[PDB]
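Before any comments, here is the structure.
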Amino acid sequence: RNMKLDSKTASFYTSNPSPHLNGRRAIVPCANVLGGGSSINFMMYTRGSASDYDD
Amino acid sequence: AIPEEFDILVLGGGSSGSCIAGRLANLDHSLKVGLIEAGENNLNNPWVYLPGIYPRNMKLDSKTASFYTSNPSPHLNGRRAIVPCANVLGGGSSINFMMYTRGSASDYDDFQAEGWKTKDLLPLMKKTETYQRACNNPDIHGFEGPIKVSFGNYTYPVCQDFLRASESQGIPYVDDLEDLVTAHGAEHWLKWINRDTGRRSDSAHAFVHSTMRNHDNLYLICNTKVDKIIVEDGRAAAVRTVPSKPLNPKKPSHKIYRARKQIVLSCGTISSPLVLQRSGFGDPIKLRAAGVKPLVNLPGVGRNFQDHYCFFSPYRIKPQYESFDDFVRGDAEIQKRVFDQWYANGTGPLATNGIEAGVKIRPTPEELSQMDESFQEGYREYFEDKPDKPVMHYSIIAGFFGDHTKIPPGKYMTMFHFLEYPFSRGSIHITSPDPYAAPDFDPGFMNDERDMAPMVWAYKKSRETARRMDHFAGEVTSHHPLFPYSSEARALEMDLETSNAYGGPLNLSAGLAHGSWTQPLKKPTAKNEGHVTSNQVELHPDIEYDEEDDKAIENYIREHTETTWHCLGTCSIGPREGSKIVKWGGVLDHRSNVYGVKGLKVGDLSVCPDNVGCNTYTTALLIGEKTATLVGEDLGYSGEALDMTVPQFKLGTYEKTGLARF
Amino acid sequence: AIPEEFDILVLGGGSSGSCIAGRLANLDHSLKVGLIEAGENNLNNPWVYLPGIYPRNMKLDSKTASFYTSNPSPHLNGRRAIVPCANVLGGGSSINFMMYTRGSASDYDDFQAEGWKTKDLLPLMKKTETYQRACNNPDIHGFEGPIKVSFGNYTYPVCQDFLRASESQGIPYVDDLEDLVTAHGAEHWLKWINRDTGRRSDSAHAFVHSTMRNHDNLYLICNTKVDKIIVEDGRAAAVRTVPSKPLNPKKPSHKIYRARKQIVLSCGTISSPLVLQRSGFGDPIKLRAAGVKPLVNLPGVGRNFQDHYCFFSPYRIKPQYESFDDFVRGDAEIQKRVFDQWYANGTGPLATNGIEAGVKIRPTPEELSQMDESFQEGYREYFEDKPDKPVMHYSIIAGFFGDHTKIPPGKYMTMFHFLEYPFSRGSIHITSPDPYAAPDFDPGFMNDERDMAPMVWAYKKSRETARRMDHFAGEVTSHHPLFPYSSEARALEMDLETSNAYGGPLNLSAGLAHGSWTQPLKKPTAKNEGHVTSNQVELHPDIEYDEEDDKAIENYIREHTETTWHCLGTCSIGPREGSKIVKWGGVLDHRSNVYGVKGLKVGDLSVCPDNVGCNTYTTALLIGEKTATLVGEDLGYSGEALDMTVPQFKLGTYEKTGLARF
Amino acid sequence: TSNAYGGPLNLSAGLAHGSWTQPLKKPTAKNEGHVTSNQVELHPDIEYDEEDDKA
Ligand SMILES: Cc1cc2nc3c(=O)[nH]c(=O)nc-3n(C[C@H](O)[C@H](O)[C@H](O)COP(=O)(O)OP(=O)(O)OC[C@H]3O[C@@H](n4cnc5c(N)ncnc54)[C@H](O)[C@@H]3O)c2cc1C
Ligand SMILES: Cc1cc2nc3c(=O)[nH]c(=O)nc-3n(C[C@H](O)[C@H](O)[C@H](O)COP(=O)(O)OP(=O)(O)OC[C@H]3O[C@@H](n4cnc5c(N)ncnc54)[C@H](O)[C@@H]3O)c2cc1C
Ligand SMILES: [Mg+2]
Ligand SMILES: [Mg+2]
Ligand SMILES: [Mg+2]
């Protein structure tokens with residue numbers, strides 16, 4: 001529910017149109033509640049490769 | 001109780017065959033007419049006589065249809081269209097959508113038969129139906145025929161909108177589009193529904209079951225598929241039959257009925273050529289492939305198959321508006337009220353065919369100029385010459401005629417379009433001696449280049465008239481042509497607040513959009529102030545097309561057209577030597593006698609050389625009464641009492657007698 | 001199917017226009033009468049023929065009404081009253097509350113036309129309705145007319161109480177208040193409901209749709225708003241029309257119908273003067289403002305507009321008593337039974353108009369003495385002279401006619417009062433050439449000082465008769481005049497225990513009162529012992545008023561009166577030069593011909609010079625048959641068969657034939 | 001909103017007779033070009049005179 005367009009808890013920034021997306025203008029939603037996206041997220045857990053932080 | 005030797009056999013339970021059977025039994029009484037049908041009896045069958053459950057009859061697992069499957073074709077993008085056929089007594093009259101309409105006067109003139117002219121057939125068309133509608137042109141519509149025609153006992157409010165929308169597109173509103181002399185028009189479409197009862201008006205109850213109660217001399221042999229027509233000494237004196245379903249593999253059964261003076265094929269345009277071909281009527285070369293011995297040389301059997309090309313384009317409707325979509329969905333609580341009102345009263349949503357209004361069309365040359373040059377070339381020869389003929393038709397259905405399991409939940413209004421006179425010509429042929437074996441055949445949809453332009457143009461037209469309706473909420477994009485994603489011609493979905501209106505208070509996903517599956521529709525331009533409140537309108541922007549947006553509509557039509565069951569041709573009138581209208585040569589004589597044999601006649605809707613720009617049911621009744629009259633004179637019976645009235649308790653207009661209205 | 005040139009055009013689908021259309025088509029059959037209407041067709045429309053869903057038709061978003069809005073006026077305290085007009089075929093007969101009543105005999109005498117006298121119109125009034133009621137005065141009511149009138153198939157118990165309450169106020173109970181010769185009275189109010197079926201008795205089904213089934217020579221052109229009446233060589237030979245809704249902005253459309261011998265305006269009293277003015281009939285000075293060229297000088301068009309001034313005052317009813325308030329609320333479970341009984345039987349709450357009883361009134365001089373001196377001065381000239389005329393009317397509605405979203409939940413009985421002959425006179429005028437443009441007009445409510453006293457006095461009267469009813473539980477104070485808070489004249493609410501009776505067992509706030517929003521009502525005086533149990537009564541104290549309690553009622557009436565849709569005037573009979581009854585001058589001749597032109601007639605209810613103290617529907621039918629007869633003689637047709645019976649299957653009284661009762 | 005409270009089946013939602021109450025005007029349209037979370041739609045400010053103070 002947190003992801004609905006009329007939803008209060010998100011900002012839904014909209015991108016400039018691009019040919020690469022076939023003229024599509026993808027929205028780029030951002031959290032808008034205290035605790036940020038931790039209050040909104042899908043709660044997936046995972047951890048990155050050790051090479052990443054080395055990068 | 002059943003004898004072996006009937007006086008006049010009438011193969012088939014088709015609407016035309018029920019016409020011939022009922023009318024024929026009536027003329028002499030003494031004469032013994034036996035009717036043979038490959039399907040179940042339908043007397044007092046709830047699923048037949050009550051109109052509002054028509055879509056069910058078309059289910060794939062449905063008993064009442066045969067669903068023949070075509071050979072694959074490149075023109076349909078490798079698609080293998082099924083071509084369903086009726087399988088119940090009364091034929092397609094027990095199954096049909098109950099649309100009423102009548103063809104152009106030029107059509108019957110196009111048969112160019114020694115008879116069969118419109119001037120001659122007008123009284124016969126007049127004899128076969130009563131006309132419950134408030135007729136203005138009473139010099140054409142019959143007023144006391146066995147079969148009843150009306151607006152039904154319920155009316156979805158969609159029709160007024162469709163008329164106000166169509167009227168703004170330069171399409172005139174004509175009170176009667178069945179006048180036989182019109183191209184452009186709009187009308188509140190008529191239905192084959194008995195308004196006085198709310199029952200379906202199929203030919204079986206009107207002709208066959210009404211005669212059998214009254215007269216002893218009629219025999220109904222349901223559940224016996226025809227195999228072959230035995231012929232000897234030049235006369236067709238027998239017809240061996242097999243059971244419709246082979247339930248006893250070890251000991252197959254058959255029976256040979258005998259006809260003393262006449263035989264008649266009313267098996268429909270698909271089954272009939274097959275039955276002639278199993279008897280050996282066809283090319284010896286084509287027939288040796290199935291091993292049948294060729295008795296008579298009739299190349300034209302099975303050839304010149306013809307259809308109409310319907311295709312459906314649903315548009316979502318606003319939540320506040322009525323639709324039958326939730327009855328056929330189907331809910332256990334809505335459906336209960338919908339029946340309960342019909343038993344209690346006779347007037348409900350159940351007592352109406354779904355379709356509510358429609359528009360025959362003949363394009364303006366200005367808009368015709370942008371059509372592909374091939375179709376312009378076809379238009380000059382075919383329609384330029386004749387003014388009467390519409391090029392294409394579409395109506396509107398107050399619901400979604402299709403599989404509701406596969407479409408998002410909501411209420412929809414679906415446009416229905418079928419080409420009036422497709423140029424393309426198909427064929428059909430038996431592959432095996434066995435009755436049960438499926439024929440290989442090519443319907444030949446879109447076989448000719450010229451058939452595409454009107455289709456695309458009617459989609460472009462119907463979308464615009466569905467965008468001007470008050471009901472409109474947004475296209476259902478999954479069932480519309482696959483336009484490029486950025487296109488302004490694209491099929492937009494319903495608004496966000498309407499998404500909440502369908503989703504309910506408790507939904508956790510209404511306007512949530514991820515993956516950009518669908519584009520929300522923009523709000524309508526604001527109503528003008530200073531206009532009368534009744535005249536104010538709020539309207540969506542007109543859309544415009546380019547080549548890449550046309551190719552999409554084209555692929556859509558190629559991948560989603562199907563038969564409209566207005567199939568006809570195969571066995572058809574013409575010279576045995578051949579003619580321009582029938583290149584392979586005809587098989588019937590103008591008196592409907594099959595060529596090369598004595599005593600065999602065809603009562604099928606197949607008889608027509610060329611398309612009738614109307615729904616085919618009326619021509620079925622008409623051809624059935626033509627062949628009936630022909631059998632009558634063939635028996636030498638006098639023109640006095642040659643007319644063959646069925647028993648019926650005629651009901652007058654309610655103001656003429658108090659016992660006839662809803 | 002529709003021709004361009006009708007023999008007798010009849011613009012408008014109003015109840016009067018349906019009268020003229022049906023009657024006219026009938027006289028010759030051969031004659032071609034075409035009717036043009038700006039609205040949807042209404043044949044077999046459930047929302048029209050069944051009576052009990054009348055309030056819905058009045059919703060602001062409702063399709064079937066136009067809702068014209070007036071210029072602001074100081075007299076209404078800056079209020080801008082809407083003035084709704086019917087927008088469906090059959091006009092307001094498809095929308096009305098179905099109240100039946102008939103005007104005083106003095107009224108038709110007041111037209112002082114060369115014809116149009118009551119003595120002459122009595123047979124014509126007699127020809128237009130059958131009278132389902134148990135008539136006592138059979139020398140006046142018709143008994144076999146097309147339109148049926150009755151008490152309906154259901155009766156709320158409110159009426160007996162209203163009669164026993166009214167009878168105690170010195171108001172006599174008269175069996176027939178439609179006698180045409182009465183002032184004081186009370187009656188179980190009649191309704192325009194076909195008792196034999198429970199359907200609404202609109203003029204459209206009775207005249208138009210009953211003729212069209214039977215006769216070919218009638219054309220219905222629904223959904224075409226009139227623009228203008230073309231006139232040349234002194235004859236009105238054409239009427240260009242535009243679509244009712246402008247759905248195609250880039251290419252506006254129009255069509256010009258032709259009338260060979262006659263034309264007729266039955267567009268209602270609002271639309272008609274507009275249609276004449278667009279044609280150039282009016283003051284050149286007023287018309288140059290809209291740029292229309294003045295063809296004929298008719299100052300009186302648009303002038304002398306007249307209404308009635310209804311205003312509603314709800315009173316709460318006890319929980320144990322029946323009301324339609326919970327059906328229109330509307331519950332999904334009550335409403336289901338209310339329909340189910342109607343389909344199953346035909347007799348239910350749905351089969352009745354809401355209003356149940358009512359009282360015409362002419363004040364006693366003793367109580368007249370306290371009325372404002374201006375109204376006394378008006379009474380002497382206007383009513384002193386004539387005994388027949390009531391000054392004001394009110395009835396009772398067994399529910400709340402209004403927005404239930406905005407009122408507390410419960411069951412209510414609402415008093416309805418409308419002034420019989422308002423002194424005030426309005427006007428109307430087109431501002432633009434465009435058909436769609438909203439006219440500027442002043443209904444002129446309360447424009448004259450004299451119109452206030454009867455209003456206040458009837459509120460004071462109706463409150464007292466609602467306080468003596470057995471049903472009474474307490475005024476709903478939010479919808480009653482804003483008396484000073486400490487006043488003994490104040491509108492009290494329901495008792496505490498009744499508050500618990502409506503709140504349910506589980507409510508957490510029944511008698512809780514904070515902020516003193518409302519005052520609880522005191523208990524009724526105890527029933528006398530020693531009286532027969534049936535004669536015992538318990539009664540609330542009489543209330544009394546002072547100047548500050550009168551100013552409140554006055555402001556209430558100023559801020560809450562509205563049109564009762566008994567609008568008439570505008571184009572009206574009188575000398576072209578002018579008359580005392582029509583100061584600006586009349587436009588019609590006594591033969592209903594419009595002045596200065598040949599071949600144009602008006603069939604609208606607008607024709608009346610002055611108010612008829614009755615609901616306007618009957619005068620609509622009557623004027624429609626007057627103009628019908630006038631067209632008949634104008635065509636030179638013989639007085640033999642000049643009467644124009646519509647087809648109908650007459651039903652007798654049930655004791656005369658077994659096929660007619662509920 | 002009157003229809004939203006009245007339910008689908010109501011026979012009297014926007015019906016107004018006697019002018020008991022005045023419908024509220026629609027809020028000014030949300031500005032485009034603001035972040036979706038910062039957009040606001042707002043009713044006009046009201047103003048008073050002596051006769052509106054006595055009430
Ligand atoms: C789903 C559906 C919807 C339609 N809707 C409409 C509509 O709304 N309006 C309209 O005008 N048209 C409509 N039609 C088309 C119309 O009903 C047909 O054109 C018409 O019924 C043709 O009648 P017929 O007599 O030629 O063939 P049929 O009605 O099919 O008669 C053929 C009969 O012969 C039987 N038969 C076939 N083979 C054999 C055999 N070997 N032995 C014995 N019996 C055999 C079949 O079982 C069938 O009963 C619709 C058709 C379908 C099927
Ligand atoms: C809500 C309602 C409740 C009422 N209840 C009662 C009642 O209970 N009892 C009673 O006696 N009276 C009642 N009436 C009043 C009564 O119905 C009217 O007085 C009567 O119908 C007047 O009829 P008419 O023929 O003058 O006008 P209408 O009935 O309005 O006829 C006018 C017709 O012309 C059409 N029209 C207007 N302009 C044009 C144009 N430019 N072009 C084409 N067509 C146009 C309109 O659409 C309409 O159909 C009620 C009215 C309203 C509307
Ligand atoms: Mg983030
Ligand atoms: Mg078929
Ligand atoms: Mg009116």
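The count begins at 1 with the first shown residue.
Positions of Cβ are set from backbone N, Cα and C atoms, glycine also.
Over in Swiss-Prot, the protein carries these features:
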- C:7-37: FAD binding site (BINDING)
- C:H566: active site, proton acceptor (ACT_SITE)
| field | Pairwise CA distance, C:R23 (FAD binding site) versus the residue listed as 'active site, proton acceptor', rounded so that it is a whole Å | value | 24
| task | Restricting to the same chain and to sequence separations of six or more, state which residues have a Cβ under 8 Å from that of C:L11 (FAD binding site). | result | C:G17, C:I36, C:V226, C:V239, C:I263, C:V264, C:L265, C:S266, C:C267, C:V275
| request: Write down the Cα-Cα distance for C:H566 (active site, proton acceptor) and C:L27 (FAD binding site), rounded and given in Å. | output: 30
| task | Between C:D7 (FAD binding site) and the residue listed as 'active site, proton acceptor', find the distance joining the two CA atoms and give it rounded to the nearest Å. | result | 32
| message | Roughly how many Å lie between the Cα atoms of C:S15 (FAD binding site) and C:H566 (active site, proton acceptor), rounded to a whole value? | response | 13
| note | binding-site residues C:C19, C:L31, C:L35 vs C:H566 (active site, proton acceptor), shortest C-alpha separation belongs to C:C19
| field | Of C:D7, C:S15, C:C19, C:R23, C:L31, C:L35, binding-site residues neighbouring ligand 2, Cβ under 6 A | value | C:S15
| query | Three-state secondary structure of C:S15 (FAD binding site) from DSSP? | reply | helix
| For C:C19 (FAD binding site), nearby residues of its own chain (Cβ under 8 Å, 6 or more apart in sequence) | C:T128, C:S203, C:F207, C:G603, C:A620, C:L621, C:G624, C:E625, C:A628
| remark: Listed in sequence order, the residues of the same chain lying six or more positions from C:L31 (FAD binding site) whose CB sits under 8 Å from its CB are C:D7, C:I8, C:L24, C:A25, C:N217, C:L635
| remark: Minimal Cβ count within 10 Å, across the binding-site residues C:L27, C:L35, points to C:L27
| request: Translate the DSSP assignment of C:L27 (FAD binding site) into the three-state scheme. | output: helix
| query | If you measure Cβ to Cβ, which of the recorded positions C:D7, C:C19, C:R23, C:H566 are under 8 Å from chain B? | reply | none
| query | Around C:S15 (FAD binding site), how many other CB atoms lie within 10 A of its CB? | reply | 31
| task | Please determine which of the recorded positions listed here (C:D7, C:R23, C:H566) has the lowest count of neighbouring CB atoms within 10 Å. | result | C:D7
| task | Indicate whether the residue listed as 'active site, proton acceptor' is helix, strand or coil by DSSP. | result | coil
